[PDB]
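**Student:** Please find one structure pasted underneath; my questions will follow.
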Amino acid sequence: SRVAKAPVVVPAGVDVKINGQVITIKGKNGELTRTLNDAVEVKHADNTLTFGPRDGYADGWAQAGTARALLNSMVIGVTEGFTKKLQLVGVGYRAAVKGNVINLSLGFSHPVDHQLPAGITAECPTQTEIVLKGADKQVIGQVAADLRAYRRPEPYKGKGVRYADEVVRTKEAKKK
Amino acid sequence: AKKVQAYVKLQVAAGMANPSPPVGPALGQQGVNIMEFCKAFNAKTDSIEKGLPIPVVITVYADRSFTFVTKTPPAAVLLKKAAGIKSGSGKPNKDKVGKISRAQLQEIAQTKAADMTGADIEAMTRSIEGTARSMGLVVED
Amino acid sequence: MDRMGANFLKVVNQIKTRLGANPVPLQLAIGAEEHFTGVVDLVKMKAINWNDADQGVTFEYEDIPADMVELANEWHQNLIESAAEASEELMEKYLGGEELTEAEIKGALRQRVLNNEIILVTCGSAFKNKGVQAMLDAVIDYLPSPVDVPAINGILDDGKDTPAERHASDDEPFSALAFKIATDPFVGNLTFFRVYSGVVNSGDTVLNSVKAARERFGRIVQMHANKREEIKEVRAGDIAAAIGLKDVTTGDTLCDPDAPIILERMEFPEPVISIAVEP
Amino acid sequence: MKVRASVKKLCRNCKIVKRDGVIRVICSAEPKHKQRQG
RNA sequence: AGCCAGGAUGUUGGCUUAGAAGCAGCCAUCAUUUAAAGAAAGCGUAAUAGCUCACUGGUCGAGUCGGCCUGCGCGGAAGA
C-alpha cells in the first residue's frame with residue numbers, strides 16, 4: 001500500500017522503549033507514548049522503523065496505518081513543536097498569558113480563566129494573538145478547539161475566536 | 001514572460017482616457033497609479049484616428065512596478081471596421097452579405113507581421129475566413 | 001473612555017490617517033479603563049483625582065504617577081514642539097532651551113485656533129463624572145470668544161463689495177441673526193436667537209431687512225433650555241427668544257434701520273424623502 | 001442537520017462518510033447541503 | 001492522490017453593447033502553438049481583480065478507476 005510504502009526514520013535524539021505493544025518514546029522535551037492496538041507488528045529495524053499488520057486483524061492495515069502516521073508525528077513533535085496561533089476578533093476582547101493560565105475577555109458578566117494542562121507552554125504577543133506550544137499533535141488541538149468552541153466564528157460580522165490559518169465565510173444581512 | 005501572478009490582455013478604444021471599469025480591475029490588480037497608464041500610451045495614440053479597440057497586456061513586478069506590451073489592433077475588429085457595422089453575427093450560416101478578398105486580409109496581416117511573432121499570415125487566413133462565416137459574411141477573390 | 005476597546009492614543013492617531021488632520025493631544029490617560037482615576041494634563045503635568053462617591057466632590061491635583069513616568073516624558077516633548085511650528089519665534093527656543101512653561105505655550109496655540117490646523121483633544125467620562133470638571137478650563141483658553149474673533153461683518157445693502165468689520169462691543173448699531181425658530185401654543189412663533197454685539201431695550205421696531213417686512217419686538221424670554229424666564233434687557237452676547245416676529249426666514253437680520261445690513265442665506269438644503277400624509 | 005430518507009450527493013464538493021452508521025453528508029461552504037438519515 | 005504548477009494566449013466573443021466583456025441567455029461552436037489550454041463549470045460578481053476544472057508540463061515511482069449482475073448487511077423503523 002501507500003502506508004506499506006511509508007516507513008518512518010527515527011533520528012538521533014529520540015529514544016524508543018520497545019516493550020512490544022507498549023512503546024514509550026524518550027524524546028527531547030517530553031515522553032510521547034502510545035499504547036497501540038494488537039493489530040501491529042513493530043520493529044525499529046536498523047534506524048528506519050518498519051511495521052506490520054498482524055494476522056487475524058487483516059483490518060490492521062488501517063489500525064497500523066494510523067500508527068505509521070502516528071509515530072512520525074511524535075518524534076518530530078517532542079523536538080521541534082507546533083505553533084498553534086489563534087486570532088481573537090472580538091469587540092473589546094483580549095488575551096494575556098500568566099503561568100499556564102489564559103484569560104478570556106469573552107463578553108460575559110464574569111471572567112473566564114481556565115488552567116491549561118501539561119504539554120502546554122502558552123504565549124500571547126498581543127491581546128488578539130495567542131501562541132500555543134506542545135509536543136503531541138492531539139493536545140495542541142484539543143486545548144485550542146475548546147476556546148474556539150466558546151465563541152464560534154459568527155457568519156454575519158466575522159466575530160468570534162478563529163485559528164490563524166482558518167478562513168471564515170461571513171455573509172450579509174440582506175433584509176435590514 | 002511572467003507566471004501565476006498576473007497576465008491579462010485587455011484594452012479597448014484609446015479615445016477614452018478613463019480606464020472603463022470592465023477593464024479597471026485589470027488595472028485594479030497590483031496597485032497602479034491609474035494616471036500612469038493614461039500618460040504612458042498617449043504619446044503614440046496621437047498617430048491614429050480613434051474608433052477601434054486597440055489591445056494592451058498587463059504584466060507585473062515585485063514592489064510597485066508593472067509593465068505593458070503595445071501591439072496593433074486585431075483583425076477581428078478590422079473585419080467589421082471596413083464592413084461598416086461592428087456586430088454582424090446574428091445568424092452565422094444563414095447570412096450571405098459582404099465581401100472582402102484575401103488581399104485586404106494580408107495587408108492587415110503585415111501589420112501583424114511587423115508587430116507579433118504569432119498570429120502568422122497563412123495560418124490566420126482561414127480564421128480570418130473563420131470570423132467571416134460566424135458573422136455571416138462572404139469571401140471571394 | 002470607561003469602556004472596553006477604548007484606546008485614547010489610537011483614535012487621535014487615527015485622525016492623521018482617515019481625516020488627514022494634525023491633532024496633538026494634551027490630556028492623556030491613567031488607568032486600565034475600569035480602575036481609571038487620572039486624566040493626564042500635560043501642560044501643568046498634573047493628574048486629577050475624581051469622585052468615589054457623592055457624585056461630584058473632588059478635583060485633587062497631584063503629580064504624574066510612577067506607572068506612567070516615561071510616556072509622559074515622550075509625549076510632553078511633542079507638546080512643546082507644537083509652538084515652534086505654530087509661531088516662528090518659538091522655533092529658536094525649542095532648540096536653545098528656554099523653558100517652555102504652561103503659560104507661554106498657550107499664547108502661540110490660541111492663535112493656532114483662528115486658522116484651525118490642530119484640534120485639542122481630551123479623554124474622560126461624562127457619565128462617570130471623570131473629566132467634565134477638567135474640560136471647562138480649556139474652553140476659556142482654546143475656544144474663541146465673540147470679542148476675540150472677527151465680529152459682525154456687514155457688507156452693504158446693494159452695489160459693490162465692502163466687507164466691514166464692525167465692533168464686538170456695545171458701541172455699535174445693533175445686530176443679530178434668526179435661527180432655531182421654534183413654536184409654541186402660547187404666543188405662536190418663538191426663536192432661539194443669539195445677539196453678537198450691541199444692546200437692545202424692550203420694545204423695538206426690529207425689521208427683517210432681507211425680505212422687506214415690519215415687525216415689533218415683544219416680551220423676550222430666556223430658558224434653562226426648558227423654563228420660561230422673561231429676559232427684558234438683552235445684553236451683547238446672550239441667547240434668547242426674539243418673540244413676536246410677523247414673518248421670519250432662515251438667517252436674516254434682526255436690526256434697527258439706519259444701520260449696517262446683512263443679506264446672507266448660504267446652503268439651503270433639500271429634504272429628499274417624500275411621504276404623503278392622509279387624514 | 002436536516003433529516004430526510006434520501007441522501008443524494010447534491011453539492012459539487014460533497015463528502016460522504018458513515019459516522020455511527022447513519023449517513024451524514026459533508027459539504028465545505030454550504031451548511032444547507034447536509035442531510036442525515038438513510 | 002498531494003507540494004512546486006503554467007492556468008500557453010488571438011477576443012471586446014457578438015447581439016441589444018447600459019455591464020448583459022469565457023462566468024444572464026439564444027445562434028455559431030475557428031482556433032494563430034498544439035510536450036500544457038475550451039470562443040468554457042461554479043464561486044468572486046453590475047463587470048471583473050481573487051480561486052480552480054481543464055493537460056497534470058515537471059516529481060512520487062506502483063497499481064488504480066467508473067459502472068452492470070448477484071450473497072448477504074445499515075439507514076427507512078414512533079405508542080400507549
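If you're wondering about the labels, chains in the C-alpha cells are A, B, ... by order shown, residues count from 1 in each chain, ligands from 1 in order shown.
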Pick out the chain E residues within 12 Å of chain A. Count only C-alpha atoms (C1' of nucleotides). Give them as a PyMOL selection string.
**Tutor:** chain E and resi 1+60-64
**Student:** Take the selection from the previous step and output its residues with N, CA, C and O atoms (P, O5', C5', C4', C3', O3' and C1' of nucleotides), as a PDB file, in the first residue's frame.
**Tutor:**
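Full text of again-v3.pdb as output:
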ATOM      1  P     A E   1      -7.068  11.843  -9.230  1.00  0.00           P
ATOM      2  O5'   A E   1      -6.352  11.805  -7.800  1.00  0.00           O
ATOM      3  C5'   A E   1      -7.095  11.517  -6.592  1.00  0.00           C
ATOM      4  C4'   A E   1      -6.222  11.726  -5.366  1.00  0.00           C
ATOM      5  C3'   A E   1      -5.588  13.103  -5.198  1.00  0.00           C
ATOM      6  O3'   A E   1      -6.505  14.058  -4.643  1.00  0.00           O
ATOM      7  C1'   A E   1      -3.961  11.428  -4.783  1.00  0.00           C
ATOM      8  P     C E  60      11.540  11.684  -7.755  1.00  0.00           P
ATOM      9  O5'   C E  60      10.435  11.396  -6.636  1.00  0.00           O
ATOM     10  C5'   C E  60      10.067  10.043  -6.274  1.00  0.00           C
ATOM     11  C4'   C E  60       8.676  10.019  -5.677  1.00  0.00           C
ATOM     12  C3'   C E  60       8.069   8.636  -5.458  1.00  0.00           C
ATOM     13  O3'   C E  60       8.532   8.018  -4.250  1.00  0.00           O
ATOM     14  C1'   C E  60       6.445  10.097  -6.396  1.00  0.00           C
ATOM     15  P     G E  61       9.536   6.751  -4.315  1.00  0.00           P
ATOM     16  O5'   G E  61       8.906   5.760  -5.404  1.00  0.00           O
ATOM     17  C5'   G E  61       7.538   5.273  -5.302  1.00  0.00           C
ATOM     18  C4'   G E  61       7.010   4.899  -6.678  1.00  0.00           C
ATOM     19  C3'   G E  61       7.665   3.702  -7.367  1.00  0.00           C
ATOM     20  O3'   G E  61       7.052   2.462  -6.961  1.00  0.00           O
ATOM     21  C1'   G E  61       7.604   5.544  -8.865  1.00  0.00           C
ATOM     22  P     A E  62       7.731   1.046  -7.360  1.00  0.00           P
ATOM     23  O5'   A E  62       6.994  -0.021  -6.419  1.00  0.00           O
ATOM     24  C5'   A E  62       5.849  -0.805  -6.871  1.00  0.00           C
ATOM     25  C4'   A E  62       4.569  -0.009  -6.703  1.00  0.00           C
ATOM     26  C3'   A E  62       3.252  -0.753  -6.922  1.00  0.00           C
ATOM     27  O3'   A E  62       2.826  -1.410  -5.715  1.00  0.00           O
ATOM     28  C1'   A E  62       3.218   1.307  -8.102  1.00  0.00           C
ATOM     29  P     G E  63       2.144  -2.876  -5.777  1.00  0.00           P
ATOM     30  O5'   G E  63       0.959  -2.720  -6.842  1.00  0.00           O
ATOM     31  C5'   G E  63      -0.395  -2.381  -6.436  1.00  0.00           C
ATOM     32  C4'   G E  63      -0.824  -1.087  -7.098  1.00  0.00           C
ATOM     33  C3'   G E  63      -2.304  -0.725  -7.053  1.00  0.00           C
ATOM     34  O3'   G E  63      -2.689  -0.144  -5.798  1.00  0.00           O
ATOM     35  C1'   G E  63      -1.448  -0.356  -9.240  1.00  0.00           C
ATOM     36  P     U E  64      -4.241  -0.154  -5.341  1.00  0.00           P
ATOM     37  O5'   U E  64      -4.960   0.829  -6.374  1.00  0.00           O
ATOM     38  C5'   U E  64      -4.561   2.215  -6.482  1.00  0.00           C
ATOM     39  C4'   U E  64      -5.172   2.856  -7.713  1.00  0.00           C
ATOM     40  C3'   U E  64      -6.686   2.785  -7.839  1.00  0.00           C
ATOM     41  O3'   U E  64      -7.330   3.762  -7.020  1.00  0.00           O
ATOM     42  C1'   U E  64      -5.701   2.258  -9.926  1.00  0.00           C
TER      43        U E  64
END
**Student:** Mind checking which residues fall within 10 Å of range 18-35 of chain A, counting only C-alpha atoms (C1' of nucleotides), ignoring those fewer than 3 positions away in the same chain, and posting them as a PDB file with C-alpha atoms, in the first residue's frame?
**Tutor:**
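Writing the result to around.pdb gives the following:
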ATOM      1  CA  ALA A  12      19.307  10.676  16.874  1.00  0.00           C
ATOM      2  CA  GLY A  13      17.878  12.480  19.884  1.00  0.00           C
ATOM      3  CA  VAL A  14      14.703  10.435  20.434  1.00  0.00           C
ATOM      4  CA  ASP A  15      14.901   7.025  22.139  1.00  0.00           C
ATOM      5  CA  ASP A  38      -2.665  -5.606  18.861  1.00  0.00           C
ATOM      6  CA  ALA A  39      -3.075  -5.222  15.101  1.00  0.00           C
ATOM      7  CA  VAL A  40       0.554  -4.139  14.712  1.00  0.00           C
ATOM      8  CA  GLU A  41       3.989  -5.777  14.361  1.00  0.00           C
ATOM      9  CA  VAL A  42       6.552  -3.148  15.367  1.00  0.00           C
ATOM     10  CA  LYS A  43      10.307  -3.273  14.754  1.00  0.00           C
ATOM     11  CA  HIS A  44      12.882  -0.484  14.865  1.00  0.00           C
ATOM     12  CA  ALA A  67       0.356   4.090  13.688  1.00  0.00           C
ATOM     13  CA  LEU A  70       1.289   8.496  14.414  1.00  0.00           C
ATOM     14  CA  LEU A  71       4.877   7.891  15.481  1.00  0.00           C
ATOM     15  CA  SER A  73       4.454  12.991  14.236  1.00  0.00           C
ATOM     16  CA  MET A  74       5.629  12.030  17.720  1.00  0.00           C
ATOM     17  CA  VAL A  75       9.352  12.101  17.002  1.00  0.00           C
ATOM     18  CA  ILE A  76       9.021  15.472  15.279  1.00  0.00           C
ATOM     19  CA  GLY A  77       6.655  16.917  17.878  1.00  0.00           C
ATOM     20  CA  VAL A  78       8.715  16.290  21.010  1.00  0.00           C
ATOM     21  CA  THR A  79      11.691  18.101  19.458  1.00  0.00           C
ATOM     22  CA  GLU A  80      10.524  20.865  17.127  1.00  0.00           C
ATOM     23  CA  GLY A  81       6.963  21.592  18.207  1.00  0.00           C
ATOM     24  CA  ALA A 118       0.892  19.773  30.840  1.00  0.00           C
ATOM     25  CA  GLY A 119       2.326  19.695  27.363  1.00  0.00           C
ATOM     26  CA  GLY A 134       3.121  21.464  22.579  1.00  0.00           C
ATOM     27  CA  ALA A 135       4.504  18.031  21.788  1.00  0.00           C
ATOM     28  CA  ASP A 136       1.514  15.801  20.954  1.00  0.00           C
TER      29      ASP A 136
END
**Student:** Select from range 92-210 of chain C everything DSSP, run on the backbone, classes as helix (DSSP H, G or I), then give the selection as a PyMOL selection string.
**Tutor:** chain C and resi 92-96+102-112+139-142
**Student:** Give me a file of those residues, with N, CA, C and O atoms, as an mmCIF file, in the first residue's frame.
**Tutor:**
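Output contents, as saved in result.cif:
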data_model
loop_
_atom_site.group_PDB
_atom_site.id
_atom_site.type_symbol
_atom_site.label_atom_id
_atom_site.label_comp_id
_atom_site.auth_asym_id
_atom_site.auth_seq_id
_atom_site.Cartn_x
_atom_site.Cartn_y
_atom_site.Cartn_z
ATOM 1 N N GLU C 92 13.366 79.030 17.922
ATOM 2 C CA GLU C 92 14.755 79.135 18.356
ATOM 3 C C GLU C 92 14.901 78.920 19.860
ATOM 4 O O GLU C 92 16.018 78.918 20.392
ATOM 5 N N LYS C 93 13.784 78.750 20.568
ATOM 6 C CA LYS C 93 13.889 78.361 21.968
ATOM 7 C C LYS C 93 13.424 76.930 22.237
ATOM 8 O O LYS C 93 13.534 76.469 23.379
ATOM 9 N N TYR C 94 12.916 76.214 21.229
ATOM 10 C CA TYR C 94 12.845 74.763 21.347
ATOM 11 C C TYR C 94 14.244 74.169 21.336
ATOM 12 O O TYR C 94 14.551 73.253 22.106
ATOM 13 N N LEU C 95 15.111 74.697 20.471
ATOM 14 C CA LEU C 95 16.474 74.203 20.322
ATOM 15 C C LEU C 95 17.459 74.875 21.268
ATOM 16 O O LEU C 95 18.395 74.217 21.733
ATOM 17 N N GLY C 96 17.277 76.165 21.556
ATOM 18 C CA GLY C 96 18.140 76.828 22.514
ATOM 19 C C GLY C 96 17.919 76.395 23.942
ATOM 20 O O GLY C 96 18.870 76.376 24.729
ATOM 21 N N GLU C 102 3.819 76.532 31.140
ATOM 22 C CA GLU C 102 2.411 76.281 30.870
ATOM 23 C C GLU C 102 1.748 77.510 30.265
ATOM 24 O O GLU C 102 0.859 77.400 29.415
ATOM 25 N N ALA C 103 2.188 78.695 30.686
ATOM 26 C CA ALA C 103 1.531 79.926 30.266
ATOM 27 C C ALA C 103 2.067 80.424 28.927
ATOM 28 O O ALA C 103 1.362 81.111 28.183
ATOM 29 N N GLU C 104 3.320 80.093 28.605
ATOM 30 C CA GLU C 104 3.928 80.652 27.401
ATOM 31 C C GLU C 104 3.435 79.938 26.147
ATOM 32 O O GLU C 104 3.278 80.562 25.091
ATOM 33 N N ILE C 105 3.178 78.631 26.246
ATOM 34 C CA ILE C 105 2.905 77.833 25.053
ATOM 35 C C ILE C 105 1.492 78.098 24.536
ATOM 36 O O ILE C 105 1.234 78.041 23.325
ATOM 37 N N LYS C 106 0.570 78.457 25.430
ATOM 38 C CA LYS C 106 -0.816 78.647 25.021
ATOM 39 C C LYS C 106 -1.000 79.962 24.272
ATOM 40 O O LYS C 106 -1.972 80.127 23.526
ATOM 41 N N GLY C 107 -0.071 80.905 24.452
ATOM 42 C CA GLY C 107 -0.158 82.170 23.738
ATOM 43 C C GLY C 107 0.116 82.020 22.258
ATOM 44 O O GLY C 107 -0.330 82.828 21.442
ATOM 45 N N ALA C 108 0.869 80.984 21.893
ATOM 46 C CA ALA C 108 1.017 80.648 20.485
ATOM 47 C C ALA C 108 -0.129 79.771 20.000
ATOM 48 O O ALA C 108 -0.639 79.977 18.893
ATOM 49 N N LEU C 109 -0.558 78.800 20.816
ATOM 50 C CA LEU C 109 -1.530 77.815 20.347
ATOM 51 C C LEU C 109 -2.940 78.384 20.244
ATOM 52 O O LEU C 109 -3.763 77.839 19.502
ATOM 53 N N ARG C 110 -3.250 79.439 21.002
ATOM 54 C CA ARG C 110 -4.551 80.083 20.864
ATOM 55 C C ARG C 110 -4.676 80.739 19.498
ATOM 56 O O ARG C 110 -5.737 80.687 18.866
ATOM 57 N N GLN C 111 -3.574 81.291 18.992
ATOM 58 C CA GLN C 111 -3.561 81.796 17.626
ATOM 59 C C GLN C 111 -3.520 80.663 16.605
ATOM 60 O O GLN C 111 -3.651 80.910 15.402
ATOM 61 N N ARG C 112 -3.313 79.421 17.052
ATOM 62 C CA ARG C 112 -3.476 78.278 16.165
ATOM 63 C C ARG C 112 -4.908 77.760 16.135
ATOM 64 O O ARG C 112 -5.150 76.692 15.563
ATOM 65 N N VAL C 139 -11.863 75.665 27.537
ATOM 66 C CA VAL C 139 -12.827 76.421 26.742
ATOM 67 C C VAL C 139 -12.507 77.907 26.789
ATOM 68 O O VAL C 139 -12.660 78.628 25.798
ATOM 69 N N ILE C 140 -12.027 78.383 27.938
ATOM 70 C CA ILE C 140 -11.666 79.785 28.067
ATOM 71 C C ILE C 140 -10.282 80.065 27.500
ATOM 72 O O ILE C 140 -9.838 81.215 27.500
ATOM 73 N N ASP C 141 -9.580 79.038 27.018
ATOM 74 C CA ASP C 141 -8.211 79.193 26.556
ATOM 75 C C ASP C 141 -7.931 78.531 25.217
ATOM 76 O O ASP C 141 -6.835 78.715 24.678
ATOM 77 N N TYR C 142 -8.866 77.755 24.676
ATOM 78 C CA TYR C 142 -8.691 77.142 23.362
ATOM 79 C C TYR C 142 -9.898 77.285 22.448
ATOM 80 O O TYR C 142 -9.786 76.961 21.260
#
**Student:** Nearest residue to residue 113 in chain B out of B:74, B:51, B:19, B:31, using only C-alpha atoms?
**Tutor:**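 With only C-alpha atoms as the atom set, the closest residue is B:74.
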**Student:** Please identify all residues of chain D having at least one atom at most 12 Å from any atom of chain A, considering only C-alpha atoms, and return them as a ChimeraX atom specification.
**Tutor:** /D:28-31
**Student:** Any chance you can output those residues with N, CA and C atoms as a CSV table (one decimal), in the first residue's frame?
**Tutor:**
chain,number,residue,atom,x,y,z
D,28,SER,N,-18.5,21.8,2.1
D,28,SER,CA,-17.5,22.7,2.6
D,28,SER,C,-18.0,24.0,3.1
D,29,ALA,N,-18.6,24.7,2.1
D,29,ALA,CA,-19.0,26.1,2.4
D,29,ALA,C,-20.5,26.2,2.6
D,30,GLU,N,-21.3,25.2,2.2
D,30,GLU,CA,-22.8,25.2,2.3
D,30,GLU,C,-23.2,24.4,3.4
D,31,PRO,N,-23.7,25.0,4.5
D,31,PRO,CA,-24.3,24.2,5.6
D,31,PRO,C,-25.7,23.7,5.1
**Student:** Please report the interatomic distance between CA of residue 125 in chain B and CA of residue 87 in chain B in Å with one decimal.
**Tutor:**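 Separation of CA of residue 125 in chain B and CA of residue 87 in chain B: 20.4 Å.
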**Student:** Counting only C-alpha atoms, collect the residues of chain C whose closest atom lies at most 9 Å from chain A, and write them out as a count of residues only.
**Tutor:** 4
**Student:** Which residue is closest to chain D? Choose from E:46, E:41, E:51, E:65 and count only C-alpha atoms (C1' of nucleotides).
**Tutor:**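 Ranking E:46, E:41, E:51, E:65 by distance to chain D, first place goes to E:41.
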**Student:** Kindly provide, as a PyMOL selection string, the residues of chain E having any atom no farther than 9 Å from an atom of chain B, counting only C-alpha atoms (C1' of nucleotides).
**Tutor:** chain E and resi 5-7+9-12+14-15+19+21+27-28+30-33+47-49
